[PDB]
Amino acid sequence: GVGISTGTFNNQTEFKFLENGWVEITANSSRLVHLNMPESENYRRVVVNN
Amino acid sequence: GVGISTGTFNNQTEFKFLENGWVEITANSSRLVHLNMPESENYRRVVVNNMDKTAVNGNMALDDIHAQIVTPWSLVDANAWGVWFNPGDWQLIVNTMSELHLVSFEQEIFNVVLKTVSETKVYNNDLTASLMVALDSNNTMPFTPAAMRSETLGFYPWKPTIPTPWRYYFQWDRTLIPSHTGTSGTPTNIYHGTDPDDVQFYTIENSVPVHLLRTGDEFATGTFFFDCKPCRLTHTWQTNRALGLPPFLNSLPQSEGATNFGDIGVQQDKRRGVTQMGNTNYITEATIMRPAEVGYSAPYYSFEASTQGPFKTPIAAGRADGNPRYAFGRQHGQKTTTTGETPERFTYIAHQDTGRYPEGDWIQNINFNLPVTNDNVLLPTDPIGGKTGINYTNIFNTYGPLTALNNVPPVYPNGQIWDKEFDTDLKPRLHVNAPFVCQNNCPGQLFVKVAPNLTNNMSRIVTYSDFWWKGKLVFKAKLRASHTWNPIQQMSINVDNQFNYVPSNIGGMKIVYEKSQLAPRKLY
Amino acid sequence: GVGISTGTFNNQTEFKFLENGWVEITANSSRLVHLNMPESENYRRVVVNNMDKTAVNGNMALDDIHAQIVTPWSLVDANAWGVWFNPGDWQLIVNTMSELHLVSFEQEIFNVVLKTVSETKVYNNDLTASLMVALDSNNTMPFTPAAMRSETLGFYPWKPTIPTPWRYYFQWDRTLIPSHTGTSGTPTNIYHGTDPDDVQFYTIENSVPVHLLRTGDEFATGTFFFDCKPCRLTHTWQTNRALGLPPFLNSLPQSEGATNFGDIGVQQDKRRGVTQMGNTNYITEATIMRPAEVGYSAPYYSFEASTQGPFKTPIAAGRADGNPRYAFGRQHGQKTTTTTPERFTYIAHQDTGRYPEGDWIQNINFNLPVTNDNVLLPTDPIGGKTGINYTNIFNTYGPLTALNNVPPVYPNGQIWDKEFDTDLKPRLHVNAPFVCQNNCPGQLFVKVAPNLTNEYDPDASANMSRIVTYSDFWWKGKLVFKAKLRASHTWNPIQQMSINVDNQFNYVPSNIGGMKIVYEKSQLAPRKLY
């Protein structure tokens, strides 16, 4: 619903050590992404000519 | 069979990884050991004396009187870091691992060679005579770690080495009434002989096992297992000033720069918090209570006559004083092609902040007026006992129930690895000699001597022996995890120290010293 | 029995026939090896700098400036063709086999004996001290093939041999700005030093386990198993001109004779075919499309510089440039009873070469009797320098190039080589017919142990006092090949290698016991490209 959160922020890096000298690097990353509405809703075809 | 060989020359540190991020480090090390026959085949109690040197009033510290029993046996001692690890291997331990354990240890001797000299000079083998070897398995003999005298086994695999001729202490008593230079009279500085109640001597024949090796035999020690607690390869920076919650800053800086400091808004006498200062309302970061104490002050460099004899008081941590002051020779890291006889020296200035800075300490009286007047405060500038050169920090001691100390850091390549706990009832909290200390027991020394080569001191054929030593010291260590945003300090080759880790054009080599506890640790 | 051999000497070549024309060739080989104790017991970081010879203007190519770690160890390297085959078996192989697989390989050491000298010189045995032997099974150590320097084991089975004193390069940095004789001043020519990031000092003791052999015991290797692609003992002759269907002749010759050439009937602009030239109507053998390109032009005698100084660009093929020149000694095929190296240059049948004096480029317009301004010939000075034409700076390597792997060279040619541990790997190596796909066999390192005197102490700055000592041991190896027998598809005979009147005296020994092994071609028979 509106008031129930739907995930967990996480940015840990976890180093799990396996046998025979291998390391599984679990790189997590999380960002708050801000997004404005588009400038114009139409697909445009624009030529740059300097 | 005499001809067939008896072992394999190995020197590989081998890394085997395990579950949960542990690494089993198997340090194989092995050398050629050379040994000439003893000067005489009998023990000899000896008393050494430098009465002429310490006779001059002022030379307290040069007192070198002692008594020892020169012994035909020679000591093979591998208890030093440089014996087992090369510099790159040491980098791979210190940079990557976080804590270290001792696991197991064995020694074998193999490919025994015995040689005889005849007058030019001619060298001939001798299969009739034999090499004598004895392992104190039960820790009967006194423990004599050769690292403290820089006489352990050679650190370079490709150079042969010799064992130290064994010696151990004989009971002695003496006294000095120390006095400064220019004292009006000679001090009482007389030797007192020996107390017969505490004399000991260690015979071998029917009491201790001994083995005889001809060319073809192999002496193999069993696999000892240690019981030591982990040595930690990280250092703590947090002094008592850097514990607990800092104050909340009401006036934070703006516009950047070095001079734009922060400010605590609330005045000093209006502060909130807790202080162990019953009659003072000022809660400052000096006066604010902390959970405990780290490190401790202790005296240094002054003595007075009493019953205990001469001694050199050890201190657990340092800011020079407290830091160790290693000196050592060509076999143990000095440039092998150097001439002369001066040893190379360094001072291990450890990364720990648990030391003390005496120049900043002070005492002030109980009433605590803030702009303290001269009579009400004791400084290091004050003479104590009238002598200008001594101040109140020289005699001070803040050891109490609240102190917290780290163990001694490991020192590569000259540092001792393990040592034995004392037999007393109240054991010492830590040892300055080595990082690991054996609780119950850890192996007595392996002794070696050449048998008498008599006519088929007592007459003997000029005889000397060479033999390949091998050992395997197993460690268990935990790989580190990155907790901070920022990187840590790591050992690295650079342009300044490039040539320290590579042979010269005429074959010279050296092993410079490297810090052990590089990474920081969260204390509290 | 200590005095009775721990193993048997062998050099006999065993041929065994499998189904479908396969054959297994076991080249058994054994050599007596003489080994003197090292001049020094320590590793030495030696730097060579022939500034005296290089500093003169125009001697840029004579740059020997380098650094290397001189070790107290020595290397037993059997990686050369002459070590394993005599001229008879190589002759039979190259005359009867079409393909050659490198299959397996093993070594062992046997009949080790260790001697010492006393003082006239009196030689004594010492059964108590040890020879030091190590095999780098994991290929930890740098791969240093001795065939390049001609320091492999001797090819003659009956003479003694010595192993090469082993060394490896150590990183240096150097600049040498080129100059010509008559340059206005001294160019920049200095030795920078070494960089800290690239320092690598290996040691045998720390890397590989060292076996301490004595008389009455042995070291033997588990047999290595190769997986290399087959070398081919047949050359391909067809350049691009001889690829595809020829044109049809409307006028076949009416009578036999050298001067009675045939003639194409159709005018060159009116023929039929496919040409890769959009604006040209002439269909000619030079202009007609072919499936791909055979061989490639590359800049010849071009020297390129990097951190470690200038070096020559290798070329995969040749026509005098490109073809390899060897210089070898008495152990490796020089006439033994002679008292400079002996030399040859392998003018192989592989073809895929180029003839630089025949190349040209002309303008895209293709005015057919091409004027001077519209063609650049090999006679034109590039950069005003009359000796350097365009082919010196010309590269035609492209997606359409097709090349053949290098020939084997008997007796001095290397057999195998180590694949580079770079991400992108070369298509071929120009110094071995086989390249190990993941690992080569380990290098066998040998050393006489320190035979000390009673005077030794470590604190002395002087070198340790050692008794004069050497050792003598016999090496053995067993190399297994696999090969395909050829077939007579072609009517006419092929150029088989055989003894003739001129070359007959090279095989037999001289009256004073001297011998030689002459160089022998490998890819004799021809082969289709298409």
# chains A, B, ... in the order shown; residues from 1 in each chain; ligands from 1

$ select_by_dssp --residues "stretch 67-128 of chain B" --states "alpha helix (DSSP H)" --output "ChimeraX atom specification"
/B:87-96

$ write_last_selection --atoms "N, CA, C and O atoms" --output "short mmCIF file (atom, residue, chain, number, x, y, z; two decimals), in the first residue's frame"
data_model
loop_
_atom_site.label_atom_id
_atom_site.label_comp_id
_atom_site.auth_asym_id
_atom_site.auth_seq_id
_atom_site.Cartn_x
_atom_site.Cartn_y
_atom_site.Cartn_z
N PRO B 87 61.13 -11.09 2.66
CA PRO B 87 60.39 -9.81 2.69
C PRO B 87 59.06 -9.81 1.96
O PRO B 87 58.08 -9.25 2.47
N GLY B 88 58.98 -10.42 0.77
CA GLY B 88 57.71 -10.44 0.05
C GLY B 88 56.66 -11.26 0.76
O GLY B 88 55.48 -10.89 0.80
N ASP B 89 57.07 -12.40 1.32
CA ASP B 89 56.17 -13.20 2.14
C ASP B 89 55.67 -12.40 3.33
O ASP B 89 54.48 -12.42 3.63
N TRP B 90 56.57 -11.66 3.97
CA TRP B 90 56.19 -10.84 5.11
C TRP B 90 55.20 -9.76 4.70
O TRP B 90 54.29 -9.42 5.46
N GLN B 91 55.37 -9.20 3.50
CA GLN B 91 54.39 -8.25 2.98
C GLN B 91 53.03 -8.92 2.85
O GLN B 91 52.00 -8.34 3.24
N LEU B 92 53.01 -10.14 2.31
CA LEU B 92 51.73 -10.80 2.08
C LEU B 92 51.03 -11.14 3.39
O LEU B 92 49.80 -11.16 3.46
N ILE B 93 51.80 -11.42 4.45
CA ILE B 93 51.18 -11.60 5.77
C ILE B 93 50.66 -10.26 6.31
O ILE B 93 49.49 -10.14 6.66
N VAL B 94 51.54 -9.26 6.40
CA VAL B 94 51.18 -8.06 7.16
C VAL B 94 50.11 -7.24 6.46
O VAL B 94 49.19 -6.73 7.12
N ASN B 95 50.18 -7.08 5.14
CA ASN B 95 49.21 -6.23 4.46
C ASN B 95 47.82 -6.84 4.44
O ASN B 95 46.83 -6.11 4.60
N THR B 96 47.72 -8.15 4.27
CA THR B 96 46.46 -8.83 4.02
C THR B 96 45.83 -9.46 5.25
O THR B 96 44.64 -9.27 5.48
#

$ residues_around --residues "residue C:356" --least-positions-apart "2" --cutoff "8 Å" --atoms "only C-alpha atoms" --output "ChimeraX atom specification"
/C:354,358-359,378,391

$ atom_distance --atom1 "atom CA of residue C:179" --atom2 "atom CA of residue C:57"
5.6 Å

$ interface_residues --of "chain B" --to "chain C" --cutoff "7 Å" --atoms "only C-alpha atoms" --output "PyMOL selection string"
chain B and resi 3-5+7-12+36+113+122+157+161+215+330-331+336-339+464+493-495+498+502-507

$ write_last_selection --atoms "N, CA, C and O atoms" --output "short mmCIF file (atom, residue, chain, number, x, y, z; two decimals), in the first residue's frame"
data_model
loop_
_atom_site.label_atom_id
_atom_site.label_comp_id
_atom_site.auth_asym_id
_atom_site.auth_seq_id
_atom_site.Cartn_x
_atom_site.Cartn_y
_atom_site.Cartn_z
N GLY B 3 75.72 -43.87 1.28
CA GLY B 3 75.69 -43.02 0.10
C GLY B 3 74.36 -42.31 -0.10
O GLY B 3 74.32 -41.14 -0.50
N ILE B 4 73.25 -43.00 0.18
CA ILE B 4 71.94 -42.49 -0.20
C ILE B 4 71.59 -41.29 0.68
O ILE B 4 71.81 -41.30 1.89
N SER B 5 71.02 -40.26 0.05
CA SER B 5 70.65 -39.04 0.75
C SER B 5 69.47 -39.29 1.68
O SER B 5 68.88 -40.38 1.70
N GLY B 7 66.98 -36.44 2.72
CA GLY B 7 65.97 -35.41 2.84
C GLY B 7 65.93 -34.50 1.62
O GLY B 7 66.62 -34.73 0.63
N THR B 8 65.09 -33.47 1.73
CA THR B 8 64.84 -32.50 0.67
C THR B 8 64.96 -31.08 1.21
O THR B 8 64.39 -30.74 2.25
N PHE B 9 65.72 -30.26 0.49
CA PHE B 9 65.93 -28.87 0.84
C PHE B 9 64.73 -28.06 0.35
O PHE B 9 64.52 -27.92 -0.86
N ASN B 10 63.95 -27.53 1.29
CA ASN B 10 62.74 -26.77 1.00
C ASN B 10 62.79 -25.47 1.79
O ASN B 10 63.35 -25.44 2.89
N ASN B 11 62.22 -24.41 1.21
CA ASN B 11 62.14 -23.11 1.88
C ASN B 11 60.89 -22.34 1.46
O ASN B 11 60.89 -21.11 1.44
N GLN B 12 59.82 -23.05 1.10
CA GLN B 12 58.64 -22.44 0.51
C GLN B 12 57.62 -22.12 1.59
O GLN B 12 57.15 -23.03 2.28
N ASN B 36 82.45 -26.35 13.90
CA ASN B 36 83.77 -26.85 14.26
C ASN B 36 83.71 -27.49 15.65
O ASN B 36 82.84 -27.18 16.46
N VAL B 113 77.39 -34.45 7.45
CA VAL B 113 78.73 -34.58 6.88
C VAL B 113 79.73 -34.24 7.97
O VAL B 113 79.57 -33.25 8.69
N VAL B 122 94.93 -30.78 3.64
CA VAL B 122 94.16 -31.80 2.93
C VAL B 122 92.99 -32.21 3.81
O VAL B 122 93.14 -32.37 5.03
N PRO B 157 68.67 -18.13 2.88
CA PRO B 157 68.77 -19.58 2.60
C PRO B 157 70.05 -20.00 1.90
O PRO B 157 70.54 -21.11 2.16
N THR B 161 75.51 -21.23 7.69
CA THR B 161 75.46 -20.59 9.00
C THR B 161 76.20 -21.46 10.01
O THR B 161 76.67 -22.55 9.69
N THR B 215 77.05 -40.52 8.88
CA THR B 215 76.62 -40.09 7.56
C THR B 215 75.64 -41.10 6.99
O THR B 215 76.03 -42.19 6.55
N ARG B 330 75.95 -9.30 10.13
CA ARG B 330 75.84 -9.59 8.70
C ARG B 330 74.95 -10.79 8.43
O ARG B 330 74.19 -10.80 7.46
N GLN B 331 75.03 -11.82 9.28
CA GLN B 331 74.17 -12.98 9.09
C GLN B 331 72.69 -12.66 9.27
O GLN B 331 71.86 -13.40 8.72
N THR B 336 76.02 -7.74 3.63
CA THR B 336 76.96 -8.84 3.82
C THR B 336 78.35 -8.53 3.28
O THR B 336 79.34 -9.08 3.77
N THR B 337 78.44 -7.65 2.29
CA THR B 337 79.72 -7.27 1.71
C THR B 337 80.39 -6.11 2.44
O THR B 337 81.44 -5.64 1.98
N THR B 338 79.83 -5.62 3.55
CA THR B 338 80.46 -4.52 4.26
C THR B 338 81.71 -5.00 4.99
O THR B 338 81.79 -6.13 5.48
N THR B 339 82.70 -4.12 5.06
CA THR B 339 83.91 -4.34 5.84
C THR B 339 83.69 -3.84 7.27
O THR B 339 82.62 -3.35 7.63
N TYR B 464 85.46 -31.18 11.96
CA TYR B 464 84.35 -30.25 11.85
C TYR B 464 83.25 -30.90 11.03
O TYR B 464 83.51 -31.80 10.22
N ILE B 493 57.12 -1.33 -1.87
CA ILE B 493 58.39 -0.91 -2.43
C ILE B 493 58.22 0.44 -3.10
O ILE B 493 57.16 0.74 -3.67
N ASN B 494 59.25 1.28 -3.03
CA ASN B 494 59.24 2.58 -3.68
C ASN B 494 60.65 2.90 -4.15
O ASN B 494 61.57 2.10 -4.00
N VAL B 495 60.80 4.09 -4.74
CA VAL B 495 62.07 4.46 -5.35
C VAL B 495 63.16 4.64 -4.30
O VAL B 495 64.34 4.39 -4.58
N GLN B 498 64.22 0.95 -2.98
CA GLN B 498 64.21 -0.03 -4.05
C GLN B 498 65.33 -1.05 -3.89
O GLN B 498 65.10 -2.26 -3.98
N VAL B 502 67.12 -6.28 -3.03
CA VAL B 502 67.69 -6.89 -4.24
C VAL B 502 69.20 -6.98 -4.08
O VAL B 502 69.82 -6.10 -3.46
N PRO B 503 69.83 -8.04 -4.61
CA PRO B 503 71.28 -8.15 -4.44
C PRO B 503 72.06 -7.07 -5.17
O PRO B 503 71.59 -6.46 -6.13
N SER B 504 73.27 -6.83 -4.67
CA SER B 504 74.18 -5.88 -5.26
C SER B 504 74.91 -6.51 -6.45
O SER B 504 74.69 -7.67 -6.79
N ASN B 505 75.78 -5.72 -7.07
CA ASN B 505 76.53 -6.23 -8.22
C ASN B 505 77.64 -7.18 -7.79
O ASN B 505 78.00 -8.09 -8.56
N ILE B 506 78.20 -7.00 -6.59
CA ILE B 506 79.19 -7.92 -6.03
C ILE B 506 78.55 -8.93 -5.07
O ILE B 506 79.25 -9.55 -4.27
N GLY B 507 77.23 -9.11 -5.16
CA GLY B 507 76.56 -10.17 -4.44
C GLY B 507 76.09 -9.84 -3.04
O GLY B 507 75.56 -10.73 -2.37
#

$ closest_atom_pairs --of "chain B" --to "chain A" --cutoff "7 Å" --atoms "only C-alpha atoms" --output "Markdown table"
| residue | atom | partner | partner_atom | distance |
| --- | --- | --- | --- | --- |
| B:17 | CA | A:21 | CA | 5.6 |
| B:18 | CA | A:19 | CA | 5.5 |
| B:19 | CA | A:18 | CA | 6.1 |
| B:20 | CA | A:17 | CA | 6.0 |
| B:21 | CA | A:17 | CA | 5.1 |

$ write_last_selection --atoms "N, CA, C and O atoms" --output "PDB file, in the first residue's frame"
ATOM      1  N   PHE B  17      44.196 -21.881   1.893  1.00  0.00           N
ATOM      2  CA  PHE B  17      43.043 -21.160   2.396  1.00  0.00           C
ATOM      3  C   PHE B  17      41.970 -22.142   2.834  1.00  0.00           C
ATOM      4  O   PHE B  17      41.898 -23.273   2.347  1.00  0.00           O
ATOM      5  N   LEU B  18      41.141 -21.695   3.773  1.00  0.00           N
ATOM      6  CA  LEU B  18      40.142 -22.531   4.416  1.00  0.00           C
ATOM      7  C   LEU B  18      38.838 -21.755   4.492  1.00  0.00           C
ATOM      8  O   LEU B  18      38.761 -20.590   4.094  1.00  0.00           O
ATOM      9  N   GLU B  19      37.806 -22.418   5.003  1.00  0.00           N
ATOM     10  CA  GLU B  19      36.502 -21.786   5.119  1.00  0.00           C
ATOM     11  C   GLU B  19      36.545 -20.674   6.160  1.00  0.00           C
ATOM     12  O   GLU B  19      37.390 -20.663   7.057  1.00  0.00           O
ATOM     13  N   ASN B  20      35.609 -19.734   6.041  1.00  0.00           N
ATOM     14  CA  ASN B  20      35.496 -18.579   6.925  1.00  0.00           C
ATOM     15  C   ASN B  20      36.723 -17.677   6.885  1.00  0.00           C
ATOM     16  O   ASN B  20      37.012 -16.982   7.862  1.00  0.00           O
ATOM     17  N   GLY B  21      37.454 -17.661   5.776  1.00  0.00           N
ATOM     18  CA  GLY B  21      38.463 -16.643   5.569  1.00  0.00           C
ATOM     19  C   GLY B  21      39.760 -16.818   6.317  1.00  0.00           C
ATOM     20  O   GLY B  21      40.523 -15.854   6.424  1.00  0.00           O
TER      21      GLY B  21
END

$ select_by_dssp --residues "stretch 115-225 of chain C" --states "strand (DSSP E or B)" --output "PDB file with N, CA and C atoms, in the first residue's frame"
ATOM      1  N   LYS C 115      83.340 -35.386  -7.006  1.00  0.00           N
ATOM      2  CA  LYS C 115      84.781 -35.464  -6.809  1.00  0.00           C
ATOM      3  C   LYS C 115      85.325 -34.126  -6.332  1.00  0.00           C
ATOM      4  N   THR C 116      86.484 -34.184  -5.674  1.00  0.00           N
ATOM      5  CA  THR C 116      87.178 -33.009  -5.164  1.00  0.00           C
ATOM      6  C   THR C 116      88.657 -33.124  -5.500  1.00  0.00           C
ATOM      7  N   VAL C 117      89.332 -31.975  -5.533  1.00  0.00           N
ATOM      8  CA  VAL C 117      90.726 -31.861  -5.955  1.00  0.00           C
ATOM      9  C   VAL C 117      91.566 -31.470  -4.748  1.00  0.00           C
ATOM     10  N   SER C 118      92.749 -32.073  -4.636  1.00  0.00           N
ATOM     11  CA  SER C 118      93.721 -31.777  -3.594  1.00  0.00           C
ATOM     12  C   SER C 118      95.067 -31.464  -4.231  1.00  0.00           C
ATOM     13  N   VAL C 122      95.667 -33.871  -7.097  1.00  0.00           N
ATOM     14  CA  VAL C 122      95.226 -35.216  -6.743  1.00  0.00           C
ATOM     15  C   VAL C 122      93.715 -35.181  -6.577  1.00  0.00           C
ATOM     16  N   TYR C 123      93.020 -36.036  -7.322  1.00  0.00           N
ATOM     17  CA  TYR C 123      91.563 -36.050  -7.370  1.00  0.00           C
ATOM     18  C   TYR C 123      91.033 -37.106  -6.411  1.00  0.00           C
ATOM     19  N   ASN C 124      90.020 -36.733  -5.625  1.00  0.00           N
ATOM     20  CA  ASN C 124      89.440 -37.587  -4.597  1.00  0.00           C
ATOM     21  C   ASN C 124      87.927 -37.603  -4.735  1.00  0.00           C
ATOM     22  N   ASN C 125      87.325 -38.730  -4.365  1.00  0.00           N
ATOM     23  CA  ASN C 125      85.878 -38.841  -4.284  1.00  0.00           C
ATOM     24  C   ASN C 125      85.393 -38.408  -2.907  1.00  0.00           C
ATOM     25  N   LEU C 131      74.864 -33.295  -4.508  1.00  0.00           N
ATOM     26  CA  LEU C 131      74.415 -32.480  -5.626  1.00  0.00           C
ATOM     27  C   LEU C 131      73.004 -31.986  -5.342  1.00  0.00           C
ATOM     28  N   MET C 132      72.729 -30.749  -5.748  1.00  0.00           N
ATOM     29  CA  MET C 132      71.449 -30.089  -5.521  1.00  0.00           C
ATOM     30  C   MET C 132      70.693 -30.035  -6.840  1.00  0.00           C
ATOM     31  N   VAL C 133      69.496 -30.624  -6.864  1.00  0.00           N
ATOM     32  CA  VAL C 133      68.678 -30.736  -8.067  1.00  0.00           C
ATOM     33  C   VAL C 133      67.282 -30.222  -7.746  1.00  0.00           C
ATOM     34  N   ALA C 134      66.713 -29.456  -8.676  1.00  0.00           N
ATOM     35  CA  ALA C 134      65.366 -28.917  -8.549  1.00  0.00           C
ATOM     36  C   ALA C 134      64.727 -28.812  -9.921  1.00  0.00           C
ATOM     37  N   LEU C 135      63.444 -29.162  -9.993  1.00  0.00           N
ATOM     38  CA  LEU C 135      62.640 -29.064 -11.204  1.00  0.00           C
ATOM     39  C   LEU C 135      61.465 -28.138 -10.942  1.00  0.00           C
ATOM     40  N   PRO C 160      81.281 -35.624 -23.509  1.00  0.00           N
ATOM     41  CA  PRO C 160      80.640 -35.000 -22.350  1.00  0.00           C
ATOM     42  C   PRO C 160      79.891 -33.741 -22.757  1.00  0.00           C
ATOM     43  N   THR C 161      79.130 -33.206 -21.804  1.00  0.00           N
ATOM     44  CA  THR C 161      78.442 -31.933 -21.958  1.00  0.00           C
ATOM     45  C   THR C 161      78.590 -31.146 -20.667  1.00  0.00           C
ATOM     46  N   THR C 164      74.390 -24.865 -19.005  1.00  0.00           N
ATOM     47  CA  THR C 164      74.582 -23.422 -19.089  1.00  0.00           C
ATOM     48  C   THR C 164      74.562 -22.818 -17.684  1.00  0.00           C
ATOM     49  N   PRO C 165      75.470 -21.898 -17.342  1.00  0.00           N
ATOM     50  CA  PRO C 165      75.263 -21.134 -16.103  1.00  0.00           C
ATOM     51  C   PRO C 165      74.046 -20.235 -16.243  1.00  0.00           C
ATOM     52  N   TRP C 166      73.069 -20.453 -15.373  1.00  0.00           N
ATOM     53  CA  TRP C 166      71.741 -19.888 -15.544  1.00  0.00           C
ATOM     54  C   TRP C 166      71.673 -18.446 -15.057  1.00  0.00           C
ATOM     55  N   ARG C 167      70.916 -17.629 -15.788  1.00  0.00           N
ATOM     56  CA  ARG C 167      70.701 -16.225 -15.465  1.00  0.00           C
ATOM     57  C   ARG C 167      69.362 -15.812 -16.061  1.00  0.00           C
ATOM     58  N   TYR C 168      68.823 -14.696 -15.571  1.00  0.00           N
ATOM     59  CA  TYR C 168      67.569 -14.163 -16.089  1.00  0.00           C
ATOM     60  C   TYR C 168      67.604 -12.644 -16.045  1.00  0.00           C
ATOM     61  N   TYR C 169      66.838 -12.027 -16.940  1.00  0.00           N
ATOM     62  CA  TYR C 169      66.815 -10.575 -17.042  1.00  0.00           C
ATOM     63  C   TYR C 169      66.196  -9.946 -15.800  1.00  0.00           C
ATOM     64  N   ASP C 173      65.658   0.409 -17.426  1.00  0.00           N
ATOM     65  CA  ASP C 173      65.042   1.443 -18.242  1.00  0.00           C
ATOM     66  C   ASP C 173      66.144   2.249 -18.906  1.00  0.00           C
ATOM     67  N   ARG C 174      65.971   2.524 -20.197  1.00  0.00           N
ATOM     68  CA  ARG C 174      67.038   3.070 -21.020  1.00  0.00           C
ATOM     69  C   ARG C 174      66.437   3.802 -22.213  1.00  0.00           C
ATOM     70  N   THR C 175      67.136   4.850 -22.660  1.00  0.00           N
ATOM     71  CA  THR C 175      66.822   5.570 -23.885  1.00  0.00           C
ATOM     72  C   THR C 175      68.071   5.668 -24.748  1.00  0.00           C
ATOM     73  N   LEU C 176      67.886   5.540 -26.062  1.00  0.00           N
ATOM     74  CA  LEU C 176      68.966   5.673 -27.041  1.00  0.00           C
ATOM     75  C   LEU C 176      68.371   6.347 -28.272  1.00  0.00           C
ATOM     76  N   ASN C 189      71.905   9.315 -24.845  1.00  0.00           N
ATOM     77  CA  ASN C 189      72.194   7.894 -24.652  1.00  0.00           C
ATOM     78  C   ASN C 189      72.613   7.723 -23.191  1.00  0.00           C
ATOM     79  N   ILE C 190      71.644   7.348 -22.348  1.00  0.00           N
ATOM     80  CA  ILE C 190      71.850   7.196 -20.913  1.00  0.00           C
ATOM     81  C   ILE C 190      71.082   5.978 -20.414  1.00  0.00           C
ATOM     82  N   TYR C 191      71.453   5.531 -19.213  1.00  0.00           N
ATOM     83  CA  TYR C 191      70.817   4.422 -18.509  1.00  0.00           C
ATOM     84  C   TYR C 191      70.099   5.001 -17.297  1.00  0.00           C
ATOM     85  N   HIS C 192      68.768   4.979 -17.330  1.00  0.00           N
ATOM     86  CA  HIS C 192      67.967   5.570 -16.267  1.00  0.00           C
ATOM     87  C   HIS C 192      68.147   4.880 -14.925  1.00  0.00           C
ATOM     88  N   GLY C 193      68.037   3.553 -14.885  1.00  0.00           N
ATOM     89  CA  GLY C 193      67.965   2.809 -13.642  1.00  0.00           C
ATOM     90  C   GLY C 193      66.936   1.705 -13.736  1.00  0.00           C
ATOM     91  N   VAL C 210      64.228 -28.497  -3.515  1.00  0.00           N
ATOM     92  CA  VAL C 210      65.555 -28.859  -4.003  1.00  0.00           C
ATOM     93  C   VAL C 210      65.910 -30.219  -3.421  1.00  0.00           C
ATOM     94  N   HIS C 211      66.108 -31.196  -4.300  1.00  0.00           N
ATOM     95  CA  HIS C 211      66.532 -32.531  -3.914  1.00  0.00           C
ATOM     96  C   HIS C 211      68.048 -32.604  -3.809  1.00  0.00           C
ATOM     97  N   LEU C 212      68.519 -33.192  -2.716  1.00  0.00           N
ATOM     98  CA  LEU C 212      69.942 -33.270  -2.391  1.00  0.00           C
ATOM     99  C   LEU C 212      70.487 -34.649  -2.757  1.00  0.00           C
ATOM    100  N   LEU C 213      70.715 -34.848  -4.049  1.00  0.00           N
ATOM    101  CA  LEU C 213      71.110 -36.165  -4.523  1.00  0.00           C
ATOM    102  C   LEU C 213      72.554 -36.469  -4.145  1.00  0.00           C
ATOM    103  N   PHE C 219      67.028 -38.712  -9.296  1.00  0.00           N
ATOM    104  CA  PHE C 219      65.852 -37.873  -9.481  1.00  0.00           C
ATOM    105  C   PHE C 219      65.260 -38.181 -10.845  1.00  0.00           C
ATOM    106  N   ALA C 220      63.949 -38.405 -10.876  1.00  0.00           N
ATOM    107  CA  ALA C 220      63.219 -38.740 -12.087  1.00  0.00           C
ATOM    108  C   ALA C 220      61.942 -37.920 -12.132  1.00  0.00           C
ATOM    109  N   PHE C 224      55.841 -35.369 -18.683  1.00  0.00           N
ATOM    110  CA  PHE C 224      54.961 -34.285 -19.085  1.00  0.00           C
ATOM    111  C   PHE C 224      54.220 -34.687 -20.347  1.00  0.00           C
ATOM    112  N   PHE C 225      52.988 -34.206 -20.482  1.00  0.00           N
ATOM    113  CA  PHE C 225      52.126 -34.517 -21.616  1.00  0.00           C
ATOM    114  C   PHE C 225      51.772 -33.228 -22.336  1.00  0.00           C
TER     115      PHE C 225
END

$ residues_around --residues "stretch 32-41 of chain A" --least-positions-apart "3" --cutoff "12 Å" --atoms "only C-alpha atoms" --output "list in words"
residues 9, 10, 29 and 44 of chain A

$ residues_around --residues "residue C:29" --least-positions-apart "3" --cutoff "6 Å" --atoms "only C-alpha atoms" --output "MDAnalysis selection string"
chainID C and resid 11 84 476:477

$ atom_distance --atom1 "atom CA of residue B:408" --atom2 "atom CA of residue B:348"
10.9 Å

$ atom_distance --atom1 "atom CA of residue B:166" --atom2 "atom CA of residue B:341"
22.4 Å

$ residues_around --residues "stretch 511-521 of chain B" --least-positions-apart "4" --cutoff "7 Å" --atoms "only C-alpha atoms" --output "number ranges by chain"
B: 94, 233-236, 333-334, 409-413, 488-490, 500-501
